[PDB]
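Supplied in structure tokens, the structure appears directly below.
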Amino acid sequence: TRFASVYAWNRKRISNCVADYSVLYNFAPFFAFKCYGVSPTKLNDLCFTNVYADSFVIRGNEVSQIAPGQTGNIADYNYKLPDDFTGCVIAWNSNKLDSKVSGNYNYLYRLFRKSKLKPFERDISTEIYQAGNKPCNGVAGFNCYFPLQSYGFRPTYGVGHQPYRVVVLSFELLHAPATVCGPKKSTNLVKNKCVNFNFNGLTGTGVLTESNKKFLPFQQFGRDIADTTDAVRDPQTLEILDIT
Amino acid sequence: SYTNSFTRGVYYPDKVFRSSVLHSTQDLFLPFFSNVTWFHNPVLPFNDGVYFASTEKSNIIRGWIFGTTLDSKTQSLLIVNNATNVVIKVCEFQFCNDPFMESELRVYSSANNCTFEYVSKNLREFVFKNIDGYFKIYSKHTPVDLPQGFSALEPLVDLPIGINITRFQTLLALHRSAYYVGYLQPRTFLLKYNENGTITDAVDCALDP
Ligand SMILES: *[C@@H]1O[C@H](CO)[C@@H](O[C@@H]2O[C@H](CO)[C@@H](O)[C@H](O)[C@H]2NC(C)=O)[C@H](O)[C@H]1NC(C)=O
Ligand SMILES: *[C@@H]1O[C@H](CO)[C@@H](O)[C@H](O)[C@H]1NC(C)=O
Ligand SMILES: *[C@@H]1O[C@H](CO)[C@@H](O)[C@H](O)[C@H]1NC(C)=O
Ligand SMILES: *[C@@H]1O[C@H](CO)[C@@H](O)[C@H](O)[C@H]1NC(C)=O
Ligand SMILES: *[C@@H]1O[C@H](CO)[C@@H](O)[C@H](O)[C@H]1NC(C)=O
Ligand SMILES: *[C@@H]1O[C@H](CO)[C@@H](O)[C@H](O)[C@H]1NC(C)=O
């Protein structure tokens, strides 16, 4: 319900799970959607250690600055992307949510800084920027400015001055063997018909029949002498079925 | 001191049911009639899996700690149990070199960069192994120096960590108000399966003629 400001952006780290990108891509609308390292279509066959999700609200005509190798008030002092980026940026409009008549003064951004930010660095300090050669010792005035401005969002703005919600996903492949990856399938189970079946990995053919054997409650399938699969356990209902 | 296992440290090599079938396997086992250390505690090696039994009606054995350096600068596992329940954890730690009202836990002093969390007489055997970034744990609890008998160990856990391991320890509950360590080698065994599918007997195929 509440996003973060640009100068202090959020960063949620996603653990080892199953990653469903078909909830955001199927969402239908969604503004800017540009993938860089991976292709937008096959996020469902590659997978990485951890994915990061950064969230903030910028202006409309500042969305072009969330891209590797760009410069501006946002790509220098607020949020920088490295030129070897391997995630993807997505952004949509939020005028009917983050904008109030009279002004929504709760979204800040920095516009004065000594040096450009480094990729994925965060700076939330509020010390007084000194533009001249004279010290000012912690009070604004001549040649000393408060570094944080603020968007006065109003609904009667033009596209380009209206609030846009940005989410940046970034993928990570350090060294881990098995990590957060994509998902799988389901299908109803039929019986008493020669069928082509695929039990969470077990691929086979045959007639399936209700069993009367009793596995131990950690065993998936049973084998015969001469080593052929002859029973399985249905993952969902957990019942044993013979395979003839 | 040192003691002699007799037929101990047999685990189900995997899922897949099975009945009366003297099935033959090649795997990492604890050889029959082995030389198991005795402890009444220090940093041990790992080098290839571990058998680990214990006994006590109270609960003095309160989990293990694993890893290569048992400190920061590299990652390690930590498996603990207060009087509540098990707490698996994987961070970079700073471990006491001797880590161990009812107030407790002088175990570590650091919990940085955690990459995995989890929270929630007697003879308690465990087999720990670590293959392809998975840390497998088999276990068995049989109630009454070890004794003599056969009891196969059933798989408990599976953790896709990726962690390197070269050393491990133990954790004990002090006094304020006995355990063994075998090692596993690549052997070939012949397991006898019951009609319900449990391993009732075995043969170590590299002992005598
Ligand atoms: C997988 O999910 C299905 C539902 O999506 C679970 O099916 C439920 O099974 C219980 C039996 O204990 C029934 O009481 C429920 O009504 C079932 N739900 C539905 C929607 O049919 C199934 O149990 C799950 N798998 C496991 C292993 O629990
Ligand atoms: C175990 O090995 C040690 C190594 O010196 C030896 O002293 C001891 O006798 C051995 N124990 C048995 C039961 O063989
Ligand atoms: C038991 O230890 C774990 C280790 O972090 C802790 O989270 C838990 O709170 C402890 N139990 C109680 C009752 O505090
Ligand atoms: C691990 O912790 C150290 C010190 O807290 C930190 O410098 C390092 O960045 C952390 N690792 C990662 C991957 O962030
Ligand atoms: C474990 O340590 C060895 C040291 O020989 C190293 O080569 C290996 O990369 C380490 N494991 C992982 C997963 O990095
Ligand atoms: C288990 O095995 C015993 C003996 O082999 C048998 O009598 C029993 O019917 C089997 N099944 C159980 C106990 O459910």
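Could you look through region B:1-14, keep only residues that are aromatic (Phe, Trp, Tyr) and surrounded by 12 or more Cβ atoms within 10 Å (Cβ to Cβ), and pick out the one that is farthest from ligand 2 (Cβ to nearest atom)?
Here the answer is B:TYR12.
For region B:55-82, name all the residues that are assigned to a strand (DSSP E or B) and either among the hydrophobic types (A, V, I, L, M, F, W, C) or within 16 Å of ligand 6 (Cβ to nearest atom) (or both).
Within region B:55-82, B:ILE61, B:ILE65, B:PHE66, B:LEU77, B:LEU78, B:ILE79, B:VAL80 meet the criteria.
Could you please let me know if B:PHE66 is away from ligand 3 (no atom under 15 Å from the Cβ) and either more than 14 Å from the chain's Cα centre (by Cα) or away from every other protein chain (no Cβ under 14 Å) (or both)?
Considered against the rule, which asks whether it is away from ligand 3 (no atom under 15 Å from the Cβ) and either more than 14 Å from the chain's Cα centre (by Cα) or away from every other protein chain (no Cβ under 14 Å) (or both), B:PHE66 comes out as yes.
Taking the residues in region A:147-188 that are crowded, with 16+ Cβ neighbours inside 10 Å and under 30 Å from A:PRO235 (Cα atoms) as candidates, determine which candidate is farthest from the other protein chains (Cβ to nearest Cβ).
So the residue we want is A:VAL180.
Sticking with this one: Out of everything in region B:72-86 that is of a type outside the set (S, T, N, Q) and over 16 Å from B:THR170 (Cβ atoms), what residue ends up being farthest from ligand 5 (Cβ to nearest atom)?
That would be B:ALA83.
Please specify each residue of region B:32-42 satisfying the condition of being in a loop (DSSP other than H, G, I, E, B), surrounded by 13 or more Cβ atoms within 10 Å (Cβ to Cβ) and not polar (S, T, N, Q).
Once the filter is applied, which keeps residues that are in a loop (DSSP other than H, G, I, E, B), surrounded by 13 or more Cβ atoms within 10 Å (Cβ to Cβ) and not polar (S, T, N, Q), region B:32-42 yields only B:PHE32.
Condition test on B:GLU102, is it of a type in the set (D, E, K, R), assigned to a loop (DSSP other than H, G, I, E, B) and within 14 Å of another protein chain (Cβ to nearest Cβ)?
Judged against the criteria, B:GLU102 is not a match.
Quick test for you: out of B:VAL90, B:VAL80, pick the one residue that is within 24 Å of B:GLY162 (Cβ to Cβ), within 16 Å of ligand 4 (Cβ to nearest atom) and surrounded by 15 or more Cβ atoms within 10 Å (Cβ to Cβ).
Only one candidate passes the filter, namely B:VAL90.
Return the residues of region B:1-12 that are outside any loop (DSSP other than H, G, I, E, B) and either of a type outside the set (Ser, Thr, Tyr) or within 16 Å of ligand 5 (Cβ to nearest atom) (or both); say none if nothing qualifies.
Within region B:1-12, B:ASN4 is the sole residue that qualifies.
Report yes if A:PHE171 is more than 16 Å from ligand 5 (Cβ to nearest atom), aromatic (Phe, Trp, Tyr) and closer than 30 Å to A:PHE31 by Cβ, otherwise no.
yes
With respect to the numbered conditions (1) among the hydroxyl-bearing types (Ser, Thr, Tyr); (2) closer than 25 Å to A:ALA176 by Cα; (3) surrounded by 14 or more Cβ atoms within 10 Å (Cβ to Cβ), which one is the sole condition not fulfilled by B:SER139?
Against the list (1) among the hydroxyl-bearing types (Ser, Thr, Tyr); (2) closer than 25 Å to A:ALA176 by Cα; (3) surrounded by 14 or more Cβ atoms within 10 Å (Cβ to Cβ), B:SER139 comes up short only on (2).
Go over the candidates B:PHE46, B:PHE29, B:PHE17, B:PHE52 one by one and state the one that is within 16 Å of ligand 6 (Cβ to nearest atom), among the aromatic types (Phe, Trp, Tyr) and either buried (at least 17 other Cβ atoms within 10 Å of the Cβ) or closer than 27 Å to B:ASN81 by Cβ (or both).
Sole residue among the options that is within 16 Å of ligand 6 (Cβ to nearest atom), among the aromatic types (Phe, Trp, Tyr) and either buried (at least 17 other Cβ atoms within 10 Å of the Cβ) or closer than 27 Å to B:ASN81 by Cβ (or both): B:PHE17.
B:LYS15 passes all but one of (1) within 14 Å of another protein chain (Cβ to nearest Cβ); (2) within 16 Å of ligand 5 (Cβ to nearest atom); (3) of a type in the set (D, E, K, R); which number fails?
(2)
I would also like to ask the following. Condition (residue is among the hydrophobic types (A, V, I, L, M, F, W, C), closer than 30 Å to A:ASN61 by Cα and either within 14 Å of another protein chain (Cβ to nearest Cβ) or surrounded by 12 or more Cβ atoms within 10 Å (Cβ to Cβ) (or both)) applied to region A:213-223: is it met by at least one residue?
There is no residue in region A:213-223 that is among the hydrophobic types (A, V, I, L, M, F, W, C), closer than 30 Å to A:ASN61 by Cα and either within 14 Å of another protein chain (Cβ to nearest Cβ) or surrounded by 12 or more Cβ atoms within 10 Å (Cβ to Cβ) (or both).
Has region B:158-180 got at least one residue that is within 11 Å of chain A (Cβ to nearest Cβ), surrounded by fewer than 16 Cβ atoms within 10 Å (Cβ to Cβ), of a type in the set (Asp, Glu) and farther than 18 Å from B:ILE88 by Cβ?
Within region B:158-180, not a single residue is within 11 Å of chain A (Cβ to nearest Cβ), surrounded by fewer than 16 Cβ atoms within 10 Å (Cβ to Cβ), of a type in the set (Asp, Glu) and farther than 18 Å from B:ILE88 by Cβ.
For region B:93-117: of the residues being under 21 Å from the mean Cα position of the chain (by Cα) and of a type in the set (D, E, K, R), which is surrounded by the fewest Cβ atoms within 10 Å (Cβ to Cβ)?
B:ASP98
Counting only residues that are not aromatic (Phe, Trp, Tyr), give me the strands (runs of 3 or more DSSP E) lying completely in region A:1-94 with at least 3 of them.
Output list reads A:10-14, A:51-58, A:88-93.
Can you find even one residue in region B:118-129 that is within 12 Å of another protein chain (Cβ to nearest Cβ) and surrounded by 16 or more Cβ atoms within 10 Å (Cβ to Cβ)?
Taking every residue of region B:118-129 in turn, none turns out to be within 12 Å of another protein chain (Cβ to nearest Cβ) and surrounded by 16 or more Cβ atoms within 10 Å (Cβ to Cβ).
Among the residues of region B:120-127, is any of a type in the set (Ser, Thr, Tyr), farther than 16 Å from B:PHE93 by Cβ and out of contact with any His (no Cβ under 9 Å at 6 or more places or on another chain)?
Yes, the conditions are met somewhere in region B:120-127.
Checking the structure you have, find out if any residue of region B:139-158 is within 16 Å of ligand 3 (Cβ to nearest atom) and not hydroxyl-bearing (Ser, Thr, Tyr).
No, because not a single residue in region B:139-158 is within 16 Å of ligand 3 (Cβ to nearest atom) and not hydroxyl-bearing (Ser, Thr, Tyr).
With ideal geometry, Cβ positions are generated from the backbone for all residues, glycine too; neighbour counts draw on all protein chains shown. Taken together, the values in this text are just the output of simple stated rules run on the coordinates, not laboratory data.
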